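Enquirer: The structure under discussion is supplied below as C-alpha coordinates; questions concerning it will follow.
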Amino acid sequence: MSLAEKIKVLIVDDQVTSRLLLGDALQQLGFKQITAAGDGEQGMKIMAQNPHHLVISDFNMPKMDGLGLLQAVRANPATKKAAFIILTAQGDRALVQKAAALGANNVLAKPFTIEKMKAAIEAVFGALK
(Lines give C-alpha, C1' and ligand atoms only; values in the text may rest on other atoms or scores of the structure.)
Protein backbone atom coordinates (compact mmCIF):
# COMPACT_ATOMS: atom_id res chain seq x y z
CA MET A 1 0.00 0.00 0.00
CA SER A 2 1.79 3.06 1.33
CA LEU A 3 4.25 1.30 3.61
CA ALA A 4 5.10 -2.37 3.18
CA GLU A 5 6.39 -2.18 6.73
CA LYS A 6 4.16 0.58 8.07
CA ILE A 7 5.87 -0.43 11.29
CA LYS A 8 7.66 2.52 12.86
CA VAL A 9 8.54 3.03 16.51
CA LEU A 10 7.99 6.46 18.00
CA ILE A 11 10.03 7.27 21.08
CA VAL A 12 10.27 10.85 22.29
CA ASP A 13 11.28 12.00 25.75
CA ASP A 14 12.05 15.40 27.22
CA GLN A 15 15.22 14.00 28.74
CA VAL A 16 17.89 12.41 26.57
CA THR A 17 18.78 9.90 29.26
CA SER A 18 15.14 8.84 29.30
CA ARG A 19 14.61 8.75 25.55
CA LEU A 20 18.07 7.25 25.27
CA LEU A 21 17.27 4.50 27.74
CA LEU A 22 14.03 3.58 26.02
CA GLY A 23 15.71 3.92 22.65
CA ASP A 24 18.60 1.89 24.01
CA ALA A 25 16.43 -0.82 25.53
CA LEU A 26 14.34 -0.98 22.38
CA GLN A 27 17.54 -0.65 20.40
CA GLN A 28 18.84 -3.96 21.68
CA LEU A 29 15.41 -5.31 20.79
CA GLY A 30 15.80 -4.10 17.22
CA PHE A 31 12.36 -2.54 17.46
CA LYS A 32 11.88 -1.18 13.97
CA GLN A 33 12.47 2.56 13.81
CA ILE A 34 13.25 5.13 16.48
CA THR A 35 11.44 8.38 15.78
CA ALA A 36 11.64 11.23 18.25
CA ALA A 37 10.39 14.78 17.84
CA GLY A 38 10.19 17.63 20.33
CA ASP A 39 7.79 15.84 22.64
CA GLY A 40 4.71 13.63 22.66
CA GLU A 41 3.00 16.35 20.65
CA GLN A 42 5.88 16.99 18.27
CA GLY A 43 6.55 13.27 18.08
CA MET A 44 2.84 12.67 17.64
CA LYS A 45 2.53 14.75 14.49
CA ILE A 46 5.94 13.62 13.28
CA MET A 47 4.90 10.06 14.02
CA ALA A 48 1.41 10.32 12.59
CA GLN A 49 2.70 12.20 9.57
CA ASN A 50 4.45 8.91 8.90
CA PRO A 51 4.13 5.20 9.70
CA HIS A 52 4.36 4.00 13.29
CA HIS A 53 3.39 1.10 15.51
CA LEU A 54 4.81 2.23 18.83
CA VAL A 55 4.42 5.37 20.92
CA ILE A 56 6.70 5.59 23.93
CA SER A 57 7.32 8.78 25.87
CA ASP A 58 8.58 9.98 29.23
CA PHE A 59 6.86 11.83 32.05
CA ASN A 60 9.15 14.85 31.95
CA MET A 61 6.91 17.45 30.35
CA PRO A 62 5.47 16.00 27.14
CA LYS A 63 2.55 17.83 25.56
CA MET A 64 1.22 14.45 24.49
CA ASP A 65 1.93 11.68 26.96
CA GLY A 66 0.82 8.09 26.56
CA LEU A 67 -2.75 9.07 27.34
CA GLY A 68 -2.31 12.15 25.18
CA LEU A 69 -1.31 9.94 22.27
CA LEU A 70 -4.28 7.69 22.91
CA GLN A 71 -6.56 10.71 22.74
CA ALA A 72 -4.93 11.62 19.44
CA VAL A 73 -5.37 8.12 18.07
CA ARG A 74 -9.05 8.52 18.87
CA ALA A 75 -8.96 11.25 16.26
CA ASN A 76 -6.66 9.37 13.92
CA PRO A 77 -7.31 5.69 13.19
CA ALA A 78 -3.90 5.63 11.55
CA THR A 79 -2.25 5.64 14.95
CA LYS A 80 -5.09 3.69 16.52
CA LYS A 81 -2.99 0.62 15.80
CA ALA A 82 0.06 2.14 17.44
CA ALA A 83 0.92 0.90 20.91
CA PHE A 84 2.07 3.66 23.23
CA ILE A 85 4.27 3.23 26.28
CA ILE A 86 4.18 5.35 29.41
CA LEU A 87 6.74 4.85 32.15
CA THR A 88 5.84 6.18 35.58
CA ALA A 89 6.48 5.56 39.25
CA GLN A 90 3.07 3.92 39.33
CA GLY A 91 2.98 0.92 37.02
CA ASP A 92 -0.59 -0.12 37.71
CA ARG A 93 -2.41 -2.50 35.39
CA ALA A 94 -5.49 -0.62 36.54
CA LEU A 95 -4.39 2.54 34.78
CA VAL A 96 -3.24 0.44 31.85
CA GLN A 97 -6.68 -1.11 31.52
CA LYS A 98 -8.27 2.23 32.29
CA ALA A 99 -6.62 3.97 29.36
CA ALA A 100 -6.28 0.81 27.30
CA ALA A 101 -10.02 0.55 27.81
CA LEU A 102 -10.52 4.29 27.48
CA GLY A 103 -9.67 3.81 23.83
CA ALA A 104 -5.90 3.42 23.92
CA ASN A 105 -4.60 0.82 21.50
CA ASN A 106 -1.98 -0.46 23.92
CA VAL A 107 -0.35 1.01 27.01
CA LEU A 108 2.80 -0.63 28.30
CA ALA A 109 5.34 0.46 30.89
CA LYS A 110 9.04 0.90 30.23
CA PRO A 111 10.77 -0.94 33.08
CA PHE A 112 14.51 -0.78 33.60
CA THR A 113 14.56 -4.56 33.52
CA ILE A 114 14.96 -6.39 30.23
CA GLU A 115 12.61 -9.05 31.54
CA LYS A 116 9.77 -6.60 32.00
CA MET A 117 10.83 -4.44 29.08
CA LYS A 118 11.25 -7.48 26.85
CA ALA A 119 7.88 -8.71 28.07
CA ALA A 120 6.18 -5.40 27.39
CA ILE A 121 7.66 -5.21 23.92
CA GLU A 122 7.03 -8.91 23.42
CA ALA A 123 3.41 -8.07 24.13
CA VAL A 124 3.33 -4.86 22.12
CA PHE A 125 4.66 -6.90 19.23
CA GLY A 126 2.88 -10.20 19.75
CA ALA A 127 -0.41 -8.86 21.06
CA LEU A 128 -2.19 -12.03 20.00
CA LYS A 129 -5.95 -12.07 20.44
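Labels used: A, B, ... for chains in the order of the C-alpha coordinates, numbers from 1 for residues in each chain, and numbers from 1 for ligands as shown.
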Near range 30-47 of chain A, within 8 Å and counting only C-alpha atoms, which residues show up once chain neighbours fewer than 4 positions away are dropped, as a ChimeraX atom specification?
Expert: /A:7-14,23,26,51-52,57,61-66,68-69
Enquirer: May I have the residues within 10 Å of residue 102 in chain A as a PyMOL selection string, using only C-alpha atoms and disregarding those fewer than 6 positions away in the same chain?
Expert: chain A and resi 67+70-71+74+95-96
Enquirer: Just the strand (DSSP E or B) stuff from range 13-94 of chain A, please, per backbone DSSP, written as a ChimeraX atom specification.
Expert: /A:34-35,54-57,83-86
Enquirer: Measuring between only C-alpha atoms, which one of A:29, A:48, A:56, A:20 shows the shortest distance to residue 110 in chain A?
Expert: A:56
Enquirer: Using Å and a single decimal, report how far CA of residue 108 in chain A sits from CA of residue 124 in chain A.
Expert: 7.5 Å
